[PDB]
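Student: Okay, handing you the structure first.
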Amino acid sequence: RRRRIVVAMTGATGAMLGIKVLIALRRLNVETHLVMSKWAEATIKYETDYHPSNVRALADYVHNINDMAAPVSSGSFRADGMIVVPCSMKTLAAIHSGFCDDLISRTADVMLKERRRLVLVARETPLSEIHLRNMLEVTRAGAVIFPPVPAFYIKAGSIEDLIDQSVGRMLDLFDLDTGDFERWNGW
Amino acid sequence: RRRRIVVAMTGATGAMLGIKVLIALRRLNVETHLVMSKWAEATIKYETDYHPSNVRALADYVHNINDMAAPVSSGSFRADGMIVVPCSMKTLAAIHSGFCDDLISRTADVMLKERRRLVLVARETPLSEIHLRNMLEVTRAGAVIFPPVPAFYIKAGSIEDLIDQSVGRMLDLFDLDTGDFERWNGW
Amino acid sequence: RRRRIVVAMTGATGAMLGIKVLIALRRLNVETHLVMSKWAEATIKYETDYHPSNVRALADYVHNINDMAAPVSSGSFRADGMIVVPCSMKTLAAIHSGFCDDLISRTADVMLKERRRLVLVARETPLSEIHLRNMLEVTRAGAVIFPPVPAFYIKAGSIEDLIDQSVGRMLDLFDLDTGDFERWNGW
Amino acid sequence: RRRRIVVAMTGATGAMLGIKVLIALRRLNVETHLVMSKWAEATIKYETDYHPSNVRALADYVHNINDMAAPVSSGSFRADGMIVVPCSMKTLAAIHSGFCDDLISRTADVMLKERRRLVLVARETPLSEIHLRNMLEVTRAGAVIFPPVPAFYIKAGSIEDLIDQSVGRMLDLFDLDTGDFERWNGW
Amino acid sequence: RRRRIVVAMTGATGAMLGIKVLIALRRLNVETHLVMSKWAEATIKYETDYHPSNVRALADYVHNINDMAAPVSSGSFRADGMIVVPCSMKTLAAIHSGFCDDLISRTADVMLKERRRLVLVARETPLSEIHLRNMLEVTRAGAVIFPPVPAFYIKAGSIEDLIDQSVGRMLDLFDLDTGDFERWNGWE
Amino acid sequence: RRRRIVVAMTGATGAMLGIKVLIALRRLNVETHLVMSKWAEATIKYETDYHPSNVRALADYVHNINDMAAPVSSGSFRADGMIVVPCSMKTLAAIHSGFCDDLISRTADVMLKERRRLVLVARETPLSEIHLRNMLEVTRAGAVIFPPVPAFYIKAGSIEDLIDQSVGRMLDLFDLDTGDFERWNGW
Amino acid sequence: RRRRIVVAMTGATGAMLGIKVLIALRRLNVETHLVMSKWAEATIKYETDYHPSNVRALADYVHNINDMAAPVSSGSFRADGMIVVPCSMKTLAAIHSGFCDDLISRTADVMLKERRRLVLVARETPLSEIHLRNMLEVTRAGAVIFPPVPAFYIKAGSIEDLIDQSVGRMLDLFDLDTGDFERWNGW
Amino acid sequence: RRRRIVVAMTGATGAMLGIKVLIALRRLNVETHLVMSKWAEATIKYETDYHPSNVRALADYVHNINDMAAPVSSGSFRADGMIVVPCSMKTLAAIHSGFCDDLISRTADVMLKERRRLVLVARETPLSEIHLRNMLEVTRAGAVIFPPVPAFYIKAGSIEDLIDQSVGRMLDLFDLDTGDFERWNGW
Ligand SMILES: Cc1cc2nc3c(=O)[nH]c(=O)nc-3n(C[C@H](O)[C@H](O)[C@H](O)COP(=O)(O)O)c2cc1C
Ligand SMILES: Cc1cc2nc3c(=O)[nH]c(=O)nc-3n(C[C@H](O)[C@H](O)[C@H](O)COP(=O)(O)O)c2cc1C
Ligand SMILES: Cc1cc2nc3c(=O)[nH]c(=O)nc-3n(C[C@H](O)[C@H](O)[C@H](O)COP(=O)(O)O)c2cc1C
Ligand SMILES: Cc1cc2nc3c(=O)[nH]c(=O)nc-3n(C[C@H](O)[C@H](O)[C@H](O)COP(=O)(O)O)c2cc1C
Ligand SMILES: Cc1cc2nc3c(=O)[nH]c(=O)nc-3n(C[C@H](O)[C@H](O)[C@H](O)COP(=O)(O)O)c2cc1C
Ligand SMILES: Cc1cc2nc3c(=O)[nH]c(=O)nc-3n(C[C@H](O)[C@H](O)[C@H](O)COP(=O)(O)O)c2cc1C
Ligand SMILES: Cc1cc2nc3c(=O)[nH]c(=O)nc-3n(C[C@H](O)[C@H](O)[C@H](O)COP(=O)(O)O)c2cc1C
Ligand SMILES: Cc1cc2nc3c(=O)[nH]c(=O)nc-3n(C[C@H](O)[C@H](O)[C@H](O)COP(=O)(O)O)c2cc1C
Ligand code: DMA
Ligand code: DMA
Ligand code: DMA
Ligand code: DMA
Ligand code: DMA
Ligand code: DMA
Ligand code: DMA
Ligand code: DMA
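Chains as they are written, first to last, in the UniProt record's numbering: chain G, 39 to 225; chain E, 39 to 225; chain D, 39 to 225; chain X, 39 to 225; chain H, 39 to 226; chain Y, 39 to 225; chain P, 39 to 225; chain A, 39 to 225.
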C-alpha cells in the first residue's frame, strides 16, 4: 500500500540531516523504518536538541541495531529503498566489504542484492584512497554516494535552508518531491 | 622567503570558500597567487556581495585564466602548493585526464609532477562513477580530495562558523594553523 | 610544541615491541598517546612481565579502545605520526577495508586521510593472499608495512638486542634516532 | 624412496635459519640438496660461527650456484619441495619476474611450473610497494611467503628458541613435524 | 650534519649529466656518495674528456658497484635521497622489478622502502610499452621519472646551458637551488 | 603520388624540432600538411628566430587549428602518418582521452582508428603519474611516444647536431632516412 | 641493401632450431647477425654435432653476448627484425621485465621500441603462471610467442622433417618463404 | 580401487600423443575413461595408422562426446584427474570461457570445480593474445598448460623417442612414473 523506506542513521556528524529526512518522509506519506547506530544516538544528543526517543517518535517503525531478525533484514520483506543519513566511513566500509554484522549494514546489503535504491550520505573530509575506493566500488555495486555539500547558489539565509535543500535533493533519488526548496531555473 | 600558495577558483557553488581561503592565507603571511575561471567570476557575483575585482584585491598576485605563459605555469617557478576552492567536476576531470588547457589545470598538472601538495575542494552531489573514478585516480596521482561537508559537531551558530571550520581544515593540509576554529578535544 | 605520536597495540604476539616503543619515544621527548586493544592487554599479560597498568604508565596519555570521542579520533587533532605495534592481521584488515569501528582503526583511518605517517608492524607468518593484498593496497593508500623480522647481522647477544634494533628502525620512519643500535657501515 | 627437498640460501641476514633447516631436515631423514648464493656464503661467515664448508657438510648434496646443468634444475628431476631460507628481496624478485639466471631462481622457477611446494623465507623490513607486489603475485603463482617473524607467545629463553619455533613452522608447510617446539594449545 | 645524496651513474648516454650533478652538489655542500656501473665508466670515457678516476674525485665517497656491504646498501644508513643520472632502461627495470643484484639497484630499492626521494633520469627514445609500464609502476612505488628533455625556452647559446638547466631542475626535487639557471618568470 | 605526412606543432618547448622535421620531410619529397596550435605559434616566436608565417612556408599545405572540416580530419583522406612535434602534455591528454576538439587531436584520433603511424614527441619533465598513464595507454592504442632526449654518444659539436639526430630518429619510425646524422656502428 | 635479421640463441633445449634458422636465412639472401648466450653455446655442444665456431660460420656477422656497444644494440642501426631461437624462460623474462643486461635482451628491447618484428621461440613445458604472464604481456608489447610444437599433420619421416616445418613457419612471420615444407591445402 | 583418469582427445595435430598416453596409463594400471571429439577422430585417421575403434580399445571405458549424461560429467563421480591430449585452442577456449557444451569441456569444467588435476596439452603456434589470455586465466583457475615442445637434450634417435619423453613428463603431473624415458641428472 504505502511506500516503505528504511532510514538508517550512523555516528557521522550531521544528525540533523537524518532527522529532517524522517520529517520530510512523514509529510510525503511514506512508511519509514528507522534504525539508529550506537554512535548515531550519541551524536544526536550532542549536536541537536533531540533525544533518541524524540527521533524514534518521528518514524512509523523502529528496529534495534543488533536485531538481525528484524523484518527489514530479509529480502522477502518488501521495501522500496534505503537511505543512510548521515553515513560514516565505518558503515560505508561495512557495506562495501559486505561485513554486514548489524541491522544497518545487513539491510543495506539486502537492498543491493534485491536491486533496491540505496543512498549513502557519506560524510568525511578530506578523503583517503580507502574512502574513495569504497565509494567507487559500492557505487558500481548499485549504491548512490551523496556527500552533503551545501548548495550555496540558493542564497540561503540560515543553516536550516541549506539542510532543507540537501534533504530535498536526497529524496529526489527516490522520485519524491518535497517542494521544500527552490530548484534551479537559471539566474 | 615567504611561502607561496596558488589559489584557484572554479565555477562550482561555494565561491565564499575561496574568498575566505585568501583572507586566511593573507593573515598567515602567505604569498598568494590567484587564478579565477570564467565561471568562477560568475558564481562570485551571483552568490556573494564581492565583485571579481574585490577578490583580486585579496591576493598578492593575480594571473589570467588563459595565460599559459604566467610564472606559475612552469615547474621551475618555486611554489609550495596549490588549492582549487571550490573545485568543479569539470576542473577535477581536466586535472585527472591531464587536459591542461588553462592556467588552473596546467598549474595543477605542474604541482603533481613537481610533487607539491595539491588540494581539490571538489563540490558535487550526488556523485556518479565518473566523478568517483576521477577522485580516486587523481588521489593516487598525489592530489587530496576535500569535499566541503559541514562539521556540525562544532555547534555552529551561523553558516560562517561552518565555513570557517572548513577553511581551517583545508589549510591544515599545508601545515598552517588558522586558530580560527575549535579543534576536537572530546565531548 | 612537543611532537605527538599515537602508539597503538593489538593482539598480535610481540607485546614487548610496543612497550619498548613507548619507552623509546619517552626518552626522545615525544608526547605519546597510547591505545591498547582488548587482546593486546591479554597478550601483554601472557608473554611479558608487565601488566596493562604498567604499560599505561609509560605513556603521556591513554585513550579507551571503544571511545570514538577521544581527541585522537578527529583530524582536527594535530599529530605527527601513528604506529601500530604489534599489528595483527585483524587490525591490518580493519585499516585496509576502512571498517573503523574502534579507536585504533579509526585513528589510523584519520592518519591516512590527513596524509600523516602510519607504520603498521604487521606480525604474521606465513602470509596468505589476503594478508598480502591488504598489505599491498594499504601501502598504496599511504601506510608503511614493517614486519618485525630480526636483523641478525648486528650479531646480537640477546633477544632484547634484536628488539632494540627493530624499535630503532621503526622510529627511523618518523625521523627519530634512538641512538641505541649499531647502524650499518660496512663489515 | 626418501623425500627430496631443495634448500637454497641467499644473501639476506638470518643465515642461521637455513643452517637449522638443514639440521632439522637431516634429523627427519630428508635428502637435502643445498644451493648457496655468493652473498649467502659471505653472510654465513659474517653473522655465524659456521664456515660454508661446515654448512655444505650438513647437506646430502651440494650444487654450484652457477651450474644450470645441475640435476635440480630440470622438472624431470624428482623433488618434493624447495625452501629459500633466508630469501633476499633480490631472489624474491628473480622468482617473481621469472629471470632465472642462477640455480636458485631456476630451480624455484621449475618448482612453480611442476606445482611443487615452494616456501620463500622473505626477510626485509620495512617493505616497499615493489616488495609487496612481488610477494602477492608470486603467492598467486603458487609460492608461500614466510616472513621470519618471532613467535614471542612461546615465552622463549633464548634467540635459539625463537629460531627453532620458526624452523618448525616452516617445515610444517612440507607436512613435516620437527617436534622441537611448543605448539599452541590455549593459555 | 651535512645532507647526503647518493649519485648513481649507469650506461645510458648522457654521462655529462651525472658529472655536472656531482659538481653542482659539491657546490651546495652536499655530501655525495658515488656509484658507477661498468657501462657508465665506458660511456664516461667515450662521451666526455673525463676519465672515471676524474669523476670519482668529484665525489666525497665512492662505493664499488659489486659491494653489497657498502654503507649505502642498508636502510639504517642515514641519507636524504638518491639520483640515478643518467638512468638506463636496464637499471630502471632492475628497480621496477626489484632484482637488486648490484649496489645501484639495491640502494634504490632501499630508498623506496625507507620512503626517501629517488629520482631516475631515465634516458631512452622512443619508448616501448615495457619502458612506459616500468616508469608508471615505479612512479607509483615512489620514484620520480625525470627524462632529460631540453628546455629550449631558456634560449641557450650552448649545449652546456641546456644541461645546466636540466641539472638545476633535477636538484629542485631535493629542495636544492643551484642558482645557476634562469627560472621561468613569464616572457623575457 | 607522394607520401603524405601530417606535421602538428603544439605549445611545448622545442619548436625547432618541428621546424627541422618540416625541412627534413621537404628534402625527402614528402607532402607535408601542417597544423599549428595557438601556443605553438607563441613558442615559435619566443624561442626561435622564425615567425609562424616562415614555418607555414616550409609546408606544402597548412590547415587551421579550429577547422574541423579540413581534409586531414577524415579517415577517408589518404595519409601515411602523423607526427606531433613537439607534443605538449595537454595534447597528449587530448589524444589519450579522445577529447578531439581541435584539428590536431582529431587528426591524431583519426590516425589511430585507421591504424596509421602516429608519433608523439611528448616533451615534459619530470613526469607525473598522469603523464605516464597517458603515455602508456595511448601507446597501447597505437601511438609511439618519442621523448626528445639528446643522444650524447654522437659526440655532437652543437645543439643543432643533437636536434638533427633526434629528427632523423623520429623519421626512422616512418621508414625514412634523412641521412643527416651518424648511425651507431660501435665504438 | 640486403635484409637484416638478428638471430639470437639462448640456453633452452632445441639448439638445432637456431642452427637451421641460420641456414634457411642464408639461403634466402638475408644478412644475419648472430648472438649466442653462454648457455646456448653449452647447449649447442651437448645436443648437436656442431661446435659454436661452426655455428658462427653460418652467420654473416657475430656479436659478443656482453658487448653492449655492438651495432645491433642501438635503434639507429637499421634492421628488419629479430628471432630468439630457441628462447629460454630466463631470456623471455629479461625481455618482459626490461632487464636488458646482455646483448640479446637489449637488442630485443630495442626491436620492441622501434616497432620491429620480434619472434620468441619460447621453449618450456609445463608452463607456470609466471611464464604465461610474461608471454601474454610481452605479446601485448609487440613480441610474437612461437612455441616450437611439432606439426604432425605433415606426416613426417624424421625429426628433421618436423624441424624444417617449424623453421619455415617461424620465418613466415618475417614474410619469408623457405619453400622447403608442405603448406596445408586440405586433406 | 584403481586410479581413474579421464583422457580426452581433441582435433589438434598430435593424435599420437593421446594414443601413447592411453598406452602408458594402461601399463600403469590406471582405469582410463576416453572421450574423443569429432575432429580428433578425423585427426587420428589422417596422421596415424590407427582407426578410432583401435584407440577406443586402448581405454577401459569410452563415453560419447555429446553424452552429457555420462558418468564422468558429474562431480559426484570419483576421479583423480583429467588430461586433454592434444588440446585444441577451441577446447582450451571452451574450458576458459566455461562454455561446456560437450562432454570434454563439461568434464574439465567439473575437474576444476572439484579441485582435481587438469592437464591441457595445448598445441598451437604461434600464439595470439587470445590464446595466451586463455592459457593464463585457465591456469589461475587450476589447469596446467603443457605445450608439447620436444626435449632435444635427451639426444633422441626418432620422433617416437621425443614423444615418449613428453608423455612421461605429462604423467609426472599425476604423480605417475612411466620409467621409459631418461630423466635429467647432469651432463
Ligand atoms: C562527535 C563525533 C563525530 C564524528 N564524525 C564522523 C564523521 O563525520 N565521519 C566519519 O566517518 N566518522 C565520524 N565519527 C566517528 C564514527 O562515529 C565512528 O567511526 C563509529 O565507529 C561509526 O559507527 P557507526 O557507523 O556504526 O555509527 C565521529 C565520531 C564522533 C564522536
Ligand atoms: C550557478 C552554478 C552553480 C554550479 N555549481 C556547480 C557545482 O557545484 N559543481 C560542479 O561540478 N559544477 C557546477 N556548476 C557548473 C560549472 O560551472 C561548469 O561545469 C563549468 O564548465 C566549470 O568551469 P570551470 O571549472 O572552468 O570554472 C555550476 C554552474 C552554475 C552556473
Ligand atoms: C597468544 C595469541 C597470539 C596471537 N598472535 C597473533 C599474531 O601474531 N598475528 C595475528 O594476526 N593474530 C594473532 N593473534 C590473534 C588476534 O589476537 C586476534 O585475531 C584478534 O582478533 C586481534 O584483535 P585486535 O587487533 O583488536 O587486537 C594472537 C592471539 C593470541 C591469543
Ligand atoms: C650483511 C648483509 C645483510 C643483508 N641483508 C639483506 C636482507 O635482510 N634482505 C635483503 O633483501 N637484502 C639483504 N642484503 C642485500 C643482498 O645480499 C643483496 O641484494 C644481494 O644481491 C642478494 O643476492 P642473492 O639473493 O643472490 O644472495 C644484505 C646484504 C649484506 C651484505
Ligand atoms: C654508447 C652507448 C649508449 C647507450 N645509451 C643507452 C641509453 O641511452 N638508454 C638505455 O636504456 N641504454 C643505453 N645503452 C645500453 C646500456 O649501457 C646497457 O643496457 C647496459 O646493460 C646498462 O647497464 P647499467 O644500467 O648497469 O649501466 C647504451 C650503451 C652504449 C654502449
Ligand atoms: C614558453 C612555454 C613553454 C612550455 N613548455 C611546455 C612543455 O615543455 N611541456 C608541456 O606539457 N607544456 C608546456 N607549456 C604549456 C602549454 O603550452 C600549455 O599547456 C598549452 O595549453 C598547450 O596547448 P597546445 O597543446 O594546444 O599547444 C609551455 C608553455 C609556454 C608558454
Ligand atoms: C641442458 C639444459 C637444457 C635446458 N633447457 C631449458 C629449456 O628448455 N627452457 C628453459 O627455460 N630453460 C632451459 N635451461 C636452463 C637455461 O639454460 C638457464 O635458465 C639459463 O640461465 C638461460 O640463460 P640464457 O637465456 O641467457 O641462455 C636448460 C639448461 C640446460 C643445462
Ligand atoms: C588437420 C588439422 C589439424 C589441426 N591442428 C590444430 C592445432 O594444432 N591446434 C588447434 O588449435 N586447432 C587445430 N585444428 C583445428 C581444430 O580441429 C578445430 O578448431 C576444431 O573446431 C577443434 O574442435 P575440438 O577441440 O572439439 O576437437 C586442426 C584442424 C585440422 C583439420
Ligand atoms: C532474516 C532473514 C530470514 C533473512 C532471509 O531473507 P533473505 O534476504 O536472505 O532472502 P531469502 O528470502 O531467500 O531467505
Ligand atoms: C611555461 C613554461 C616555460 C613551462 C616550462 O616549465 P616546466 O614546468 O614544463 O618544466 P621545465 O623547467 O623543465 O621546462
Ligand atoms: C570525534 C570527531 C570530531 C570525529 C570527526 O573527525 P573529522 O576529522 O572527520 O572532523 P572534520 O573533517 O569535520 O574536520
Ligand atoms: C638441465 C635441464 C634439462 C633443464 C630443462 O629442464 P626442463 O624441466 O625444461 O626439462 P623437460 O621440460 O624437457 O622435461
Ligand atoms: C648491507 C646490509 C647490512 C644491509 C641491511 O640493510 P636492511 O635495511 O635490509 O636491514 P634492517 O631493516 O634491519 O635495517
Ligand atoms: C570532416 C569529416 C567528413 C569527418 C568524418 O570523417 P570519418 O572518418 O569519421 O567518416 P567516414 O567513416 O565515412 O570515413
Ligand atoms: C650503443 C648505443 C649507441 C646504444 C644507444 O641506442 P639508442 O637506440 O638508445 O640511441 P638513440 O635513441 O639516440 O637512437
Ligand atoms: C549428469 C549429472 C548428474 C551432472 C551433475 O553433476 P554435478 O557435479 O553438477 O551434480 P552435484 O553438484 O549434485 O554433485
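Heads up, the beta-carbon is just placed ideally off N, CA and C, and yes, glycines get one too.
1. Between the Cα of D/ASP210 and the Cα atoms of D/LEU63, D/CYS125, D/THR48, which residue gives the shortest distance?
2. Go through its chain and collect everything with a Cβ distance to A/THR163's Cβ below 8 Å, but skip five positions before and after it.
3. If you compare alpha carbons, which of H/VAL187, H/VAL93, H/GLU220, H/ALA179 is closest to H/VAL59?
4. Ligand 11: which residues have Cβ under 7 Å from any of its heavy atoms, chain order?
5. Mind listing the chain P neighbours of X/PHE115? Cutoff is C-beta to C-beta under 9 Å, in chain order.
6. Select from the region 49–61 of chain H all residues with a C-beta closer than 9 Å to any C-beta belonging to chain P, and list them in chain order.
7. Please identify, using Cβ separations under 9 Å, the residues of the region 157–176 of chain X that lie next to chain H, in order along the chain.
8. The region 135–154 of chain P: which residues have C-beta closer than 9 Å to a C-beta of chain Y, in chain order?
9. With the cut-off set at 8 Å, would you say A/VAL159 and A/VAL110 are in Cβ contact?
10. Given this structure, state the Cα-to-Cα distance separating P/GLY217 from Y/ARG221, to the nearest angstrom.
11. Decide yes or no for the touch test of the region 196–208 of chain X against the region 190–198 of chain D: beta carbon pairs closer than 8 Å, at least 3 of them.
12. Going by beta-carbon coordinates alone, are G/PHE137 and D/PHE137 separated by less than 8 Å?
13. When DSSP labels each residue in this structure, what does H/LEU165 get in the three-state scheme?
14. For ligand 5, I want to know if H/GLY136 counts as a neighbour, meaning its beta carbon is within less than 7 Å of at least one of the ligand's heavy atoms.
15. Taking 7 Å as the cut-off, is the beta-carbon of Y/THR81 closer than that to any non-hydrogen atom of ligand 2?
16. For E/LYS128 and H/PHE219, what's the separation of their Cα atoms in angstroms?
17. May I have the straight-line CA-CA distance separating E/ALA131 from A/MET149, to the nearest angstrom?
18. Can you list, in chain order, the stretches of the alpha helix (DSSP H) that have 4 or more residues and sit fully within the region 65–134 of chain D?
19. So what's D/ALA50 in DSSP terms, helix, strand or just coil?
20. What did DSSP end up calling D/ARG221 once you bin it into helix, strand or coil?
21. By the three-class DSSP mapping on this structure, what secondary structure does Y/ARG155 have?
22. Below 8 Å on the Cβ atoms is my guess for P/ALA78 versus P/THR48; work out the distance and round it to an integer in Å.
23. Evaluate P/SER143 with the Cβ neighbour count: other Cβ atoms within 10 Å of its Cβ, from every protein chain shown; 16 or more gives buried, anything less gives exposed.
24. Report yes if the C-beta distance between P/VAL176 and P/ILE133 is below 8 Å; otherwise report no.
Tutor: So, to answer that:
1. D/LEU63
2. none
3. Residue nearest to H/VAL59 within the set H/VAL187, H/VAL93, H/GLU220, H/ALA179 is H/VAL93 (criterion: CA-CA distance).
4. G/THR51, G/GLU162, G/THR163, E/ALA189, E/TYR191, E/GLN203, E/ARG207, E/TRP222, D/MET106, D/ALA107, D/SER111, D/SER112, D/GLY113, D/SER114, D/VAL148
5. The contacting residues do not exist; X/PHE115 stays about 14 Å from chain P at best.
6. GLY49
7. With the criterion set as a beta carbon lying under 9 Å from some beta carbon of chain H, the members of the region 157–176 of chain X are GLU162, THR163, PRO164, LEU165, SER166, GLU167, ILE168, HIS169, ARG171, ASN172, in sequence order.
8. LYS151, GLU152, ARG153
9. no
10. 35 Å
11. Three or more Cβ pairs drawn from the region 196–208 of chain X and the region 190–198 of chain D lie within less than 8 Å of each other, which places the two stretches in contact.
12. Taking 8 Å as the Cβ cut-off, G/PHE137 and D/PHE137 qualify as a contacting pair.
13. strand
14. no
15. no
16. 36 Å
17. 47 Å
18. 76–85, 90–94
19. D/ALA50: coil per DSSP, three-state reduction.
20. Note: D/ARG221 maps to coil in three-state DSSP.
21. Note: Y/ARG155 maps to strand in three-state DSSP.
22. 5 Å
23. buried
24. yes
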